[PDB]
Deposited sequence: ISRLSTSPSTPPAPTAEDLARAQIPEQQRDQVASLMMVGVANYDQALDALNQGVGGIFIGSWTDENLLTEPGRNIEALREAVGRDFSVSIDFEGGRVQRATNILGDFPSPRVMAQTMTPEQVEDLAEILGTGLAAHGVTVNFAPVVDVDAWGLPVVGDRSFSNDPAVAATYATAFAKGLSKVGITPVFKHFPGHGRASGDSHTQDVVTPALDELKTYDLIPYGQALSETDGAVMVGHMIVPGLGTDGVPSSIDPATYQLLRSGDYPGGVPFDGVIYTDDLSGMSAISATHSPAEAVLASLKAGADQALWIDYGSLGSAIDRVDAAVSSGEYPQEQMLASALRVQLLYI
């Protein structure tokens, strides 16, 4: 059968569970994770402060979660290099992107991601919110004169090593940094997504920056429909259309959380990421009601739910 037809068959039956699958919440421990997944959430996020026993404690780690929940779900982490977190004592860390491109070859970085990704996979991570593809992050510090082709080359290698061991890489943060106008992003920070999305299977995460000339004035990109339409169409130099899953950056570090979740989904996101402090049920209430009222059109919601289900096939 067709993979899409198989995923369509895995879309949840109840509408509350359909919209819940479009959300991904940061969790602090095993209990919070199980409570979120029992409400239908499509995935959980392991944050910098997340209890490390959730990775290592037998009977109360990710394998136990998959046991207690009889469905497929995503497990994300932010493992991009050069940043200590609770999970570092367990899983290690990449160097900072600047150190990797300064001192290693693209082949070493790809081989490094395969090895480190092996430890991530063995602990039940399925999504890594990395690599950064910001051009200046892979270059030397201090408008600038870094090379987008370098950022594209190393990000592509990094992502290929993760994919070899079954970890979905996610390029971030679309459409890039340096608030410079869209035209200036198209000749610089947008270039790496070209090679990134045409040579790997990675997903994309949209950031909160406000881009003059993209969509509506003063609106963060993560909740502006023009951002997602740009990603879908690929209408930028070197861009290729993208029909995979689009994540948001953490909507809590941006509105109320529930309104921000709905705002991002309505704009075109497939996975609304945020650090849940208990408001998950209120968000599901608000988003399910928007589908019933027509504020969130049903076919857009179901098209996103199909993209989410394709992750598990």
Return the ranges of the deposited sequence not covered by C-alpha coordinates, sorted by sequence position. 1 to 13, 156 to 159, 196 to 207, 284 to 289
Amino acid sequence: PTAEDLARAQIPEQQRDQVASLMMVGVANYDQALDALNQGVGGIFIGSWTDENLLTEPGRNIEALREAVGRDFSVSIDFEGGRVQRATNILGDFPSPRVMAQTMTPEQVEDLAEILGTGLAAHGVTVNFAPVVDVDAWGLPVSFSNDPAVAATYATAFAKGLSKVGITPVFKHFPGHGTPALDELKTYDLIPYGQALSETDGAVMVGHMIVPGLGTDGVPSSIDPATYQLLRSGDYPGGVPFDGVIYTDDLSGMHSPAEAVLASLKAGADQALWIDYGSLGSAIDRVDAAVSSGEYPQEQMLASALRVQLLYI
From here on, numbers count along this sequence of modelled residues.
Identify the stretch, either 302 to 310 or 3 to 11, whose C-alpha atoms have the larger mean B-factor according to the entry. 3 to 11
Comparing 260 to 268 with 66 to 74, which has the greater mean CA B-factor as deposited? 66 to 74
Maximum C-alpha temperature factor per the entry, among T126, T216, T88, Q229, belongs to which one? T216
Say you rank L280, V287, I246, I44 by Cα B-factor from the PDB entry; which sits at the top? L280
Going by the CA temperature factor in the PDB record, which third of the chain does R83 belong to: lowest, middle or highest? highest
Can you work out whether the C-alpha temperature factor of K164 puts it in the lowest, middle or highest third of the chain? middle
Report the third (lowest, middle or highest) to which the CA temperature factor of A28 belongs, ranking only the modelled residues of the same chain. highest
If you rank the chain by CA B-factor, which third does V135 end up in: lowest, middle or highest? highest
Binned into thirds over the chain's modelled residues, the C-alpha B-factor of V240 lands in the highest
